[PDB]
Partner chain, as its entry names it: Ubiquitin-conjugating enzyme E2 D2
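Given as structure tokens, the chain that follows is alone and in the form deposited without its partner chain.
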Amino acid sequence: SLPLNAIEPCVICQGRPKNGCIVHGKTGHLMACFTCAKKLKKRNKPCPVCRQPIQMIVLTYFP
């Protein structure tokens, strides 16, 4: 939960770091990778929590 050093992996594959912040309209998701995000995007999946259809994925870094 820390604002630093918490460079944790994905929530589905969990093999790779959480580098792939996802956005659906005006809100987004944390703790999933670019791979898992790209997969759910190609499938056009409505978010498993927010239920919103995703729009984009970005290369995500830390301070």
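Residue numbers count along the first chain shown, from 1.
Separately, the form deposited with its partner chain bound exists; it is not shown, and the next lines address it.
Engineer: Closest heavy atom of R43 to its partner chain in the deposited bound form, within 4.5 Å or not?
Structural biologist: Judged by the heavy-atom cut-off of 4.5 Å, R43 is in contact with its partner chain in the deposited bound form.
Engineer: So in the deposited bound form, does any heavy atom of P48 sit within 4.5 Å of its partner chain?
Structural biologist: Contact check for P48: yes, within 4.5 Å of its partner chain in the deposited bound form.
Engineer: Going by its partner chain in the deposited bound form, which residues of 4-24 come within 4.5 Å of it through any heavy atom?
Structural biologist: Heavy-atom contacts to its partner chain in the deposited bound form: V11, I12, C13, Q14, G15.
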